[PDB]
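**Student:** Give me coordinates for this.
(2 chains, ligands or ions: 2)
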Amino acid sequence: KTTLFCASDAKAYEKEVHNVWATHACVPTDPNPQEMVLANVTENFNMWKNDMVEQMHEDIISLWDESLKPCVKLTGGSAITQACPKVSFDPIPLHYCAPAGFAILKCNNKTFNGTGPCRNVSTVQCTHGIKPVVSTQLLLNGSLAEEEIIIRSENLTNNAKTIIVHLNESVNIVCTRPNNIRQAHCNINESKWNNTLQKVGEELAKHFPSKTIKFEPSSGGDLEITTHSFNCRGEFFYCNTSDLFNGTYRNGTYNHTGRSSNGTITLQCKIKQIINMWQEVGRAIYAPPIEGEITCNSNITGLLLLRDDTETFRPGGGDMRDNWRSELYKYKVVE
Amino acid sequence: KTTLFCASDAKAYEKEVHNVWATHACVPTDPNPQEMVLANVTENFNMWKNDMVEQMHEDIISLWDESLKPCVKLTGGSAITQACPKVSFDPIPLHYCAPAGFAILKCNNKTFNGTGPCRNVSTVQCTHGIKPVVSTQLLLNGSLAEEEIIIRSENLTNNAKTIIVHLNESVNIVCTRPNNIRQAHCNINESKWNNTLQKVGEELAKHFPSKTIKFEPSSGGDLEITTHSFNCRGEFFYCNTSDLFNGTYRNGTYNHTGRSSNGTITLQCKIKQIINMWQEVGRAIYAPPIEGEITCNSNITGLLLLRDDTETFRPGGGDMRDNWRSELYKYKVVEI
Ligand SMILES: CN(Cc1ccc2c(c1)[C@H](NC(=O)C(=O)Nc1ccc(Cl)c(F)c1)[C@@H](CNC(=N)N)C2)C(=N)N
Ligand SMILES: CN(Cc1ccc2c(c1)[C@H](NC(=O)C(=O)Nc1ccc(Cl)c(F)c1)[C@@H](CNC(=N)N)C2)C(=N)N
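**Tutor:** Residues are numbered from 1 along each chain as shown, chains lettered A, B, ... in the order given. Ligands and ions are numbered 1, 2, ... in the order given. Let me share the structure:
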């Protein structure tokens, strides 16, 4: 429960901003696979009370703040203009490390969520490679489970608390603004999707006995949370998910209800410059998007869900601390 | 003829050896590569005399050469020793692209079997993502046929030519050495396997008029070919298929005569140190297996067969060029 610090492999000649922040504000990693394996001790974890997240969070905020400068930043009727220079942008892995004395407890093996008991435990100094991908609804470029899909929540019996669904077979998603220049779109292969929501539905049913399971879009709110919003090559993509998070889990099987066509599902995307910042409760304005093909080839690795004779589930997000929690669940700082 | 170049999503921060090699041997892939479809054409392909295969072969040889360094390398009477560190091993997709002045022809006839005429043709810059998986008998993590199973051979009536069966439904296989530190095992669901060999049995029952079609284990030879040999996380697995390739397809129906248990076929595996190199003629000796659970969860996407009243088929392999052919059958390098 003390001051941690980051390590990475960020070359110092790279103009890309995450490297520029890293080099100046981090450390080159270590090739010491220091892994004090153990398997007695059955310790308690809690991925929701865990200061590593707040630590990381207010560092991603720093990163973003130093890096992506909006033309305008409004907050409390207070405008603050500056330069809007387009930059080079791509998540590099960060490792969070503890200084002496004493470091990081890590839970091992397969099906083990974020709360409570766990047996096989190792002790480490730093953590695995983590991209600080800022996104809603869908988790991108993240890790996988080495077995079966697993469900995470501070409380599933609470319709208010975000459900982090951790997958194990990633779903390819491809976003494009071709060569109306804030009109974009995203492709997602339909079978992998139906299959995914099938499995996730199956294990959702294992936590909600004999209820029909309905996947249905978000109720409403800001475009950041009611769509799959994310950053790509500096540009802020807001991607539709009406015909993605609609589908029915019935009888023991799942069937989709989203318009497909000869294989892939297409989502309508809008690039925007006015954004409601995830860092604080203000809003930022950037310059019009760069010209040319604006494309991102990304890996869907997790879901953010929100629950309402049927149980309804809608995509969540908003809070990036959750996005960090999705992978900082494993660990716990100790003496 | 040209000198292709590889392309991948290799991470420079990744210490997994395929990434390490690909980062310095290949180019970053294009996030979105576009086909150019062609009506009007009809071109001939021959998966069995393709140079792309040899090029890829060489590349994977170099890759394995730089990556997996054996403690000992023996070739006849001459032996070489060097450092043999345990590494992180997990294949990544490799694209093969033609340089400027050339292009890659791609057949989209999804019943096309590598040899002969192909009508629906497209041109591309780079191939699809191909994981250079080295294995025998079973082809792992390949692309699936898009409709009915496909039988491939340079020559079917020649029992000396290896037959490549392209499945269209992957058969999950799970190999594991649990917590004897060299004894491991694989698990396969029997139902999927029986459906598989049923349909494969049919597709073979076509090409060979009306004969009892038997599936039997490899008659003999080196363990690398008499067993399902493959690499899991740098460790060389030799898995037993006496209970897998074991059955009879007769007049419409398949019968699995191989031992099973609770619907599961379990292969008995052995992690070896002494291997017969596939790259060249000679033996390689590696260090004892690492500690902890060594598990690989893979998908069977193809089969390698050799044919002998009744027709008998046995698991083949050994020439990894076929393993590349299994994926590179669609493609043809051309100058324009
Ligand atoms: C309140 N709520 C969900 C929720 C929880 C926490 C936060 C928010 C929302 C607000 N989040 C964001 O503004 C936000 O994430 N913006 C944002 C910025 C960049 C990217 Cl790529 C992105 F995906 C989202 C943040 C507050 N920000 C501000 N409004 N302008 C933090 C619901 N009622 N569902
Ligand atoms: C000759 N033959 C089949 C055949 C064909 C070609 C080749 C071979 C065998 C030899 N192949 C191999 O040694 C080989 O593939 N080894 C090998 C290494 C690693 C893995 Cl994972 C593997 F599956 C096999 C190679 C020659 N190597 C050498 N013996 N030491 C290449 C039959 N009579 N059935």
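
**Student:** distance of residue A:13 from chain B?
**Tutor:** 13 Å (Cβ to the nearest Cβ, to the nearest Å). All C-beta atoms are positioned from the backbone trio N, CA, C, and that covers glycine.

**Student:** can you check residue A:68 too?
**Tutor:** Residue A:68 is 21 Å from chain B, by Cβ to the nearest Cβ.

**Student:** With residue A:103 instead?
**Tutor:** 21 Å.

**Student:** what number of residues lie near the closest residue to that residue other than its chain neighbours?
**Tutor:** In this structure, residue A:103 finds its nearest non-sequential neighbour in residue A:125, 4.7 Å apart by Cβ to Cβ, 6 or more residues apart in numbering or on different chains. Residue A:125 has 18 neighbours, counted by other Cβ atoms under 10 Å in any protein chain shown.

**Student:** same question, the one 10 residues further on
**Tutor:** For residue A:135, the number of neighbouring residues by other Cβ under 10 Å comes to 24.

**Student:** can you tell me which residues contact the closest residue to it other than its chain neighbours?
**Tutor:** In this structure, residue A:135 finds its nearest non-sequential neighbour in residue A:230, 4.2 Å apart by Cβ to Cβ, 6+ apart. Contact analysis of residue A:230 by Cβ atoms under 8 Å, 6 or more residues apart in numbering or on different chains lists A:133, A:134, A:135, A:136, A:138, A:140, A:236, A:237, A:239, A:296, A:298.

**Student:** so which helix or strand takes in residue A:230?
**Tutor:** Using DSSP states H and E, residue A:230 falls within strand A:228-232.

**Student:** Would you mind giving the orientation angle of whichever helix or strand comes after that strand with respect to strand A:228-232?
**Tutor:** Downstream of strand A:228-232, the next assigned helix or strand under DSSP H and E is strand A:235-239. With axes from the mean of the first three to the mean of the last three Cα atoms, to 10 degrees defining the directions, strand A:235-239 sits at 160 degrees from strand A:228-232.

**Student:** ok, the residue of the stretch 201-335 of chain A found nearest ligand 1 - contacts?
**Tutor:** Closest residue of the stretch 201-335 of chain A to ligand 1, Cβ to the nearest ligand atom: residue A:318 (2.5 Å). By Cβ under 8 Å, 6+ apart, the contact set of residue A:318 is A:136, A:222, A:224, A:225, A:278.

**Student:** That one and residue A:253, how far apart?
**Tutor:** Between residue A:318 and residue A:253 the computed distance is 32 Å (Cβ to Cβ, to the nearest Å).

**Student:** List the contacts of the residue in the stretch 1-150 of chain A that ligand 2 sits nearest to.
**Tutor:** The nearest approach of the stretch 1-150 of chain A to ligand 2 comes at residue A:146, 21.8 Å away (Cβ to the nearest ligand atom). Counting by Cβ under 8 Å, 6+ apart, residue A:146 touches A:110, A:168, B:297.

**Student:** Show me the beta-bridge partners of the last one.
**Tutor:** If I follow you right, that is residue B:297. Bridge pairing for residue B:297 (DSSP bridges) gives the partners residue B:174.

**Student:** What are the neighbouring residues in contact with residue A:36?
**Tutor:** Residue A:36 neighbours (Cβ under 8 Å, 6+ apart): A:122, A:123, A:124.

**Student:** returning to that earlier point: can the strand holding residue A:230 be found next to ligand 1?
**Tutor:** Yes. Applying Cβ under 6 Å from any ligand atom, one finds strand A:228-232 in contact with ligand 1 at A:229, A:230, A:231.

**Student:** Isn't residue A:334 up against residue A:121?
**Tutor:** No. Contact criterion Cβ atoms under 8 Å: residue A:334 and residue A:121 do not qualify, at 10.0 Å.

**Student:** what touches both of the two?
**Tutor:** residue A:105.

**Student:** Give me the residues contacting stretch A:64-78.
**Tutor:** In contact with stretch A:64-78 (Cβ under 8 Å, 6+ apart) are residues A:17-18, A:20-21, A:79-85, A:87, A:89, A:134, A:231, A:234, A:273, A:275, A:277, A:279-287.

**Student:** from the chain's centre, how far out does that stretch sit?
**Tutor:** Computed by Cα atoms, centre = their mean, to the nearest Å, the chain-centroid distance of stretch A:64-78 equals 22 Å.

**Student:** mind checking the end-to-end distance for that stretch?
**Tutor:** 20 Å (Cα to Cα, to the nearest Å).

**Student:** Same question for stretch A:137-153.
**Tutor:** Span of stretch A:137-153 from end to end, Cα to Cα: 15 Å.

**Student:** and if you look at stretch A:183-195?
**Tutor:** End to end - Cα to Cα - stretch A:183-195 spans 29 Å.

**Student:** Give me the buried stretch members for it, please.
**Tutor:** A:184, A:185, A:186, A:187, A:188, A:189, A:190, A:192, A:193, A:194 (16 or more other Cβ atoms under 10 Å in any protein chain shown).

**Student:** Convert the C-alpha atoms of stretch A:196-214 to PDB, please.
**Tutor:** C-alpha atoms of stretch A:196-214 as PDB (Å, rounded to 0.1, in the frame of the first residue of the first chain):
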ATOM      1  CA  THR A 196     -19.200 -15.200 -28.400                       C
ATOM      2  CA  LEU A 197     -22.600 -14.000 -27.100                       C
ATOM      3  CA  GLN A 198     -23.800 -17.600 -27.200                       C
ATOM      4  CA  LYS A 199     -21.000 -18.600 -24.700                       C
ATOM      5  CA  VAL A 200     -21.300 -15.500 -22.600                       C
ATOM      6  CA  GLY A 201     -25.000 -16.000 -22.500                       C
ATOM      7  CA  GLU A 202     -24.500 -19.600 -21.400                       C
ATOM      8  CA  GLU A 203     -22.300 -18.600 -18.500                       C
ATOM      9  CA  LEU A 204     -24.600 -15.600 -17.700                       C
ATOM     10  CA  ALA A 205     -27.400 -18.200 -17.400                       C
ATOM     11  CA  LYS A 206     -25.300 -20.000 -14.800                       C
ATOM     12  CA  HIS A 207     -25.600 -16.900 -12.600                       C
ATOM     13  CA  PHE A 208     -29.300 -16.300 -13.400                       C
ATOM     14  CA  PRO A 209     -31.000 -19.700 -13.200                       C
ATOM     15  CA  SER A 210     -34.200 -20.100 -15.400                       C
ATOM     16  CA  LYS A 211     -34.500 -16.600 -16.900                       C
ATOM     17  CA  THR A 212     -34.500 -15.700 -20.600                       C
ATOM     18  CA  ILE A 213     -31.300 -13.700 -21.300                       C
ATOM     19  CA  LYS A 214     -31.700 -10.600 -23.500                       C
END
